[PDB]
Amino acid sequence: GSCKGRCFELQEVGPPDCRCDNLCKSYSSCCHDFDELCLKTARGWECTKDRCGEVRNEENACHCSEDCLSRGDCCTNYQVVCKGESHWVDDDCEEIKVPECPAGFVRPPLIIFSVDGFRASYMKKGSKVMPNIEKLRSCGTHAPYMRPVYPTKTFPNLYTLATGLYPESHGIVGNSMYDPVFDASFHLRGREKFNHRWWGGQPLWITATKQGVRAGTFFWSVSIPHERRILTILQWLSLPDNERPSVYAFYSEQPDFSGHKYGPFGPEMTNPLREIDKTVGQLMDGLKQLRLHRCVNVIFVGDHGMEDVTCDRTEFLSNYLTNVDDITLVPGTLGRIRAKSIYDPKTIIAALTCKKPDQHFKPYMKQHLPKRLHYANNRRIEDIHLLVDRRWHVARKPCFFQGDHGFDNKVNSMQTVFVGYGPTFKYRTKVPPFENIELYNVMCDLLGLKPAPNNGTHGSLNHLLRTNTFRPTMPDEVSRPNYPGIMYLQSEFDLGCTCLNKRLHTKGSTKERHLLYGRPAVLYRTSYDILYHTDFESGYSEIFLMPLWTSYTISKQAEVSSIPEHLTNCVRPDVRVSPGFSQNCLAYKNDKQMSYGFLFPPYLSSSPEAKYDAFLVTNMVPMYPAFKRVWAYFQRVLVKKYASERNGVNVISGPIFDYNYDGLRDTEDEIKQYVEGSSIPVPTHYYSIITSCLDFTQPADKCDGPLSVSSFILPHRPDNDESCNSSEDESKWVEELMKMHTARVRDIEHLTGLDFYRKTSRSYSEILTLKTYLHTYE
Ligand SMILES: *[C@@H]1O[C@H](CO)[C@@H](O[C@@H]2O[C@H](CO)[C@@H](O[C@@H]3O[C@H](CO[C@H]4O[C@H](CO)[C@@H](O)[C@H](O)[C@@H]4O)[C@@H](O)[C@H](O[C@H]4O[C@H](CO)[C@@H](O)[C@H](O)[C@@H]4O)[C@@H]3O)[C@H](O)[C@H]2NC(C)=O)[C@H](O)[C@H]1NC(C)=O
Ligand SMILES: CN(c1nc(-c2ccc(F)cc2)cs1)c1c(CCC(=O)Nc2ccc3[nH]c(=O)oc3c2)nc2ccc(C3CCN(S(C)(=O)=O)CC3)nn12
Ligand SMILES: [Ca+2]
Ligand SMILES: [Zn+2]
Ligand SMILES: [Zn+2]
């Protein structure tokens with residue numbers, strides 16, 4: 001029952017035999033001499049000149065004997081001091097076109113250097129502070145920043161980074177949570193976080209194992225110091241082929257704790273960032289000694305950032321709620337509220353709403369949260385949710401710490417890092433910021449694994465790599481469109497809707513000026529019609545009795561027009577579409593709460609003649625009066641502003657149906673609200689994809705080069721309780737509301753079932769990059 005020659009053994013012992021592994025401390029089940037033999041701390045972590053060629057003393061932490069390399073247990077600076085070698089950092093940038101591995105290595109191994117609470121902005125401290133990390137960055141591939149997932153805590157983001165899944169999917173939705181099925185809670189302290197029932201999806205280390213690729217243990221007991229964690233990875237790498245793992249992971253608790261006490265912008269950050277760099281320099285020195293510095297892919301990545309947060313800035317729910325003792329709260333940089341006695345949600349959220357002028361948080365129903373934060377579809381996520389403002393804190397009842405994290409994931413302070421250095425990674429290359437949901441696939445490709453189903457767009461990050469074994473394919477269309485001409489007659493429609501002669505509603509100047517990037521593919525079985533007009537094209541769904549999409553383009557110089565007093569109630573019937581597959585105004589009269597608006601704006605028609613097309617029944621959708629305030633402003637004002645700033649814009653607006661908040665398209669049965677006395681379904685959100693030329697010196701409709709997209713998914717609310725100053729002019733709130741519900745085109749695709757950018761002069765990998773972009777207005 002000893003750890004003599006078992007320290008950090010990969011293969012597991014299991015009880016009641018004593019263990020010597022990385023997690024043996026976390027069960028208090030290590031052998032008696034574990035701390036003596038495995039946490040050996042004698043004679044420091046660096047070789048010295050006098051130590052060179054020593055006789056192996058097994059009490060020393062690392063070794064400077066010549067037999068050390070054959071056990072992979074040297075100090076990292078062994079060959080630097082003793083032999084004539086140099087530190088890795090003190091060497092020029094040499095490109096790694098091919099992997100240069102020693103004998104036995106079949107694939108290039110992957111080490112994942114994780115750094116907890118490593119804010120993106122820390123990378124600006126530069127070579128003088130972080131010389132090792134700096135080399136990795138500027139020598140390999142790096143992003144300005146990598147975007148975490150909400151709620152930008154550790155366990156959600158590190159497991160998202162492990163699985164490629166949104167927290168809601170894999171189930172680890174916070175550092176602490178409650179599961180009503182289990183009837184138990186998860187905590188960052190305890191042995192409960194080790195129970196496998198909590199952990200869903202499939203992490204990288206299980207994917208690898210299932211495909212016969214051995215994995216080093218990603219988990220490190222806190223008792224194990226950082227110098228030892230590196231040495232253990234380096235010992236494992238020294239093993240024989242049948243034993244040596246291919247995928248590794250290091251975990252630093254820093255620079256999180258430091259940030260929590262001295263803030264992100266403290267000058268006390270320099271020392272904890274210097275030790276992080278030491279740890280990296282140790283790894284990279286240690287790899288060079290094994291001739292692995294031109295063989296190993298090294299990923300340097302963080303979980304989240306850090307923000308300035310003092311105690312003085314804390315909202316208390318006892319000063320908003322009167323029945324405080326009834327509720328349980330998950331506090332801090334976010335809020336999740338729940339009933340104690342297994343109380344009324346409607347009252348709580350109401351009481352938390354726009355109560356004080358300088359209110360530093362906002363209540364939400366999980367489904368009403370911004371869709372970009374895919375934080376709803378899980379029984380662990382509470383109905384009532386609080387989005388707390390940055391720099392701020394929420395408690396239930398009433399200065400040690402000066403920093404914290406956990407806020408909205410588009411917050412600038414919450415942004416973290418990514419660096420790639422290896423044979424497979426691009427040399428001296430810089431890439432756009434990306435989401436951590438994506439890296440699972442890259443890490444899978446780096447190891448030649450088939451990724452498990454996840455929420456990364458697999459082609460999104462091919463530009464990180466010099467070579468990839470995954471060429472993405474644009475999906476096959478399921479439903480072909482009908483192209484109906486004028487079939488029915490004006491007199492044949494009775495819809496309860498009041499209000500030239502030609503070859504009307506035909507192509508030409510329509511599909512070229514308003515579909516600038518090709519017709520969206522549907523990707524699901526449904527009958528729908530293409531409808532041509534002067535100012536817009538649409539994909540009219542015969543099932544929902546409204547467009548799936550409405551594509552149209554506004555030039556920079558395009559002018560705005562007012563809707564007259566006549567043509568205010570005007571809802572014209574569409575002769576191309578049958579009465580059977582059309583809406584009626586009678587339903588909207590029955591429905592006192594519901595009204596209607598238009599997908600294509602009559603505000604931006606070309607001529608007064610063409611404005612009549614904007615009033616077609618095929619262009620009309622169910623809208624609450626409350627939402628019409630939002631939508632009308634967008635259409636009448638903002639589209640023109642965007643068109644002016646961006647030298648024209650292509651707009652693809654449409655309805656979304658998500659009544660089970662799973663972020664995916666609703667089936668017919670899943671729909672809940674129809675308009676009174678009809679089967680016209682009420683949308684939950686309204687999207688728009690506003691595309692233009694990144695080269696703004698060219699018009700949006702004459703763009704040769706890359707595209708530039710800005711999108712959103714506005715919630716179709718019967719009120720503007722969300723927007724606190726909604727009592728004011730729309731010029732004061734509406735645009736902020738839109739910016740809060742920004743979206744990736746990809747997010748809209750999931751929800752609509754549609755597929756955009758089917759016809760471009762652009763590579764498909766680049767289009768996937770464009771579709772995973774998120775506009776942050778930061
Ligand atoms: C992020 O990515 C994840 C992973 O892909 C998505 O989650 C999956 O969503 C799909 C679609 O709803 C789910 O599909 C269903 O899986 C069932 C099998 O379940 C078992 O296996 C999965 C995978 O290992 C386990 O996760 C799960 O616990 C079970 O053990 C099937 O029986 C279902 O059958 C369906 O068949 C056809 C369609 O193919 C239709 O008749 C029906 O749709 C029918 O349900 C179905 O395929 C899947 O289970 C989810 N989990 C996983 C891990 O795959 C997220 O939706 C996605 N988030 C985004 C992008 O918003
Ligand atoms: C989630 N997680 C870890 N993920 C990685 C990782 C994942 C993907 C990568 F690509 C690279 C690395 C390493 S460890 C974790 C941790 C983190 C350690 C910790 O104590 N967290 C922590 C520490 C300080 C702070 N401060 C703060 O504000 O938040 C903090 C968080 N403790 C653990 C423990 C257990 C697990 C489980 C074990 C079971 N397995 S399983 C079922 O797949 O076998 C899942 C992971 N992860 N587990
Ligand atoms: Ca849905
Ligand atoms: Zn963390
Ligand atoms: Zn933290």
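Residues numbered from 1 in each chain as written, not as in the entry; some residues may be left out. Chains lettered and ligands numbered in written order. Heavy atoms only, no water.

The record names X-ray crystallography as the way this model was obtained, at a resolution of 2.900 Å.

**Focus on the overall build of the chain**
What the chain contains, in helices and strands, is 16 helices and 27 strands. Taking 2.2 N^0.38 as the reference for a compact globule, 778 residues should give roughly 28 Å; the C-alpha atoms of the chain span a radius of gyration of 30 Å, in line with that estimate. In terms of overall dimensions, the chain has a C-alpha envelope of 105 × 60 × 45 Å along the principal axes. Burial analysis of the chain (778 residues in total) assigns 58% to the buried set. (Helix = DSSP H or I, 4+ residues; strand = E, 2+ residues; numbered from the N terminus. Rg over C-alpha atoms; globule rule 2.2 N^0.38 Å. Buried < 20%, exposed > 50% of the residue type's maximum accessible area, 1.4 Å probe, protein only.)

**A few points about the coordination of the calcium ion (ligand 3)**
For the calcium ion (ligand 3), the full set of protein donor atoms is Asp658 (OD), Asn660 (OD1), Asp662 (OD), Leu664 (O) and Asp666 (OD), and the range of their distances to it is 2.3 to 2.6 Å. Mapping the donors of the calcium ion (ligand 3) onto the primary sequence gives the spacing D-x1-N-x1-D-x1-L-x1-D. Residue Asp662 shares its accessibility class with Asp666, and that shared class is buried. (Donors = N, O, S within 2.8 Å, 3.2 Å for Na, K, Ca; no water.)

**What to know about the coordination of the zinc ion (ligand 5)**
Those donors, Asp256 (OD), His260 (NE2) and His405 (NE2), are the protein atoms that reach the zinc ion (ligand 5), and they lie 2.1 Å from it. The metal-metal distance between the zinc ion (ligand 5) and the zinc ion (ligand 4) comes to 4.1 Å. Accessibility assignment for this pair places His260 and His405 in one class, buried.

**Considerations on helix α9 (residues 270-289)**
If you check α9, its first and last C-alpha atoms are 28 Å apart, about what 20 residues at 1.5 Å a residue would give, namely 28 Å. When you tally the buried positions in α9, you get 16 out of 20 residues, the bulk of the element. (Expected span 1.5 Å × (residues − 1).)

**Side note on the layout of surface pockets**
A volume near 920 Å³ is recorded for the second largest pocket. Where the lining of the second largest pocket is concerned, the elements lending two or more residues are β12 (361-365), β13 (384-388) and α14 (730-740). A total of five residues in the lining of the second largest pocket trace back to one element, the largest contributor, which is α14. (1 Å grid on protein atoms, 1.4 Å probe; cavity = no way out; pocket = protein on both sides within 12 Å on 5 of 7 lines; lining within 4 Å. Points joined across faces, edges and corners; volume = space filled by probe spheres on them.)

**Structural notes on the nonpolar core**
In this structure, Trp549, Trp631, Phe634, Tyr687, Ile689, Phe756 and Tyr757 are the most contacted members of the largest nonpolar core, which totals 87 residues. For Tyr757, the residues in contact, after removing those within four places along its chain, are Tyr517, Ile689, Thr691, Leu707, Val709, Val745, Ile767, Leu770 and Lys771. If you look at the next biggest cluster of nonpolar residues, it comprises 52 residues, including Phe105, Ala120, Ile230 and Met284. (Core = buried A, V, L, I, M, F, W, Y, C linked by side-chain atoms within 4.5 Å. Contact = heavy atoms within 4.5 Å.)

**With respect to the site of ligand 1**
Around ligand 1 sit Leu165, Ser169, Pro453, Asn454, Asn455, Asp662, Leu664 and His750, and those are all the residues in its vicinity. Contacts to ligand 1 include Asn455, whose side-chain N or O atom sits 2.3 Å from an oxygen atom. The class makeup of the residues in the shell around ligand 1 is three nonpolar, four polar and one charged. Each of two domains, domain 1 (108-165 + 201-309 + 404-470) and domain 3 (490-771), supplies a minimum of three residues to the shell around ligand 1. (Near = heavy atom within 4 Å. Polar contact = N/O pair within 3.5 Å; in protein donor to acceptor, adjacent residues only side chain to side chain. Nonpolar A, V, L, I, M, F, W, Y, C, P; charged D, E, K, R; others polar. Domains from an automatic or database assignment.)

**Re the pairing of strand β19 (residues 528-532)**
Along β19, five of the five residues are buried, which leaves the element largely enclosed by surrounding structure. Taking every second residue as pointing to the same face, both faces of β19 are buried, with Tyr528, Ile530 and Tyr532 on one and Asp529 and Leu531 on the other. Two elements, β19 and strand β20 (residues 537-541), share five bridges in a ladder whose sense is antiparallel. Across the sheet, residue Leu531 finds its bridge partner in β20, namely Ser538. The hairpin turn running from β19 into β20, its antiparallel successor, is four residues long. (Pairing = 2+ DSSP bridges.)

**So, the UniProt feature "active site" in the chain**
Sites flagged by UniProt as "active site" map to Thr154. Examined against the element boundaries, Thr154 turns out to sit in helix α4 (residues 154-163). When near neighbours in sequence (up to four residues on either side) are disregarded, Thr154 contacts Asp116, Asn175, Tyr251, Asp303, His304 and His405. (UniProt positions renumbered as here; feature names shortened; annotations may be inferred.)

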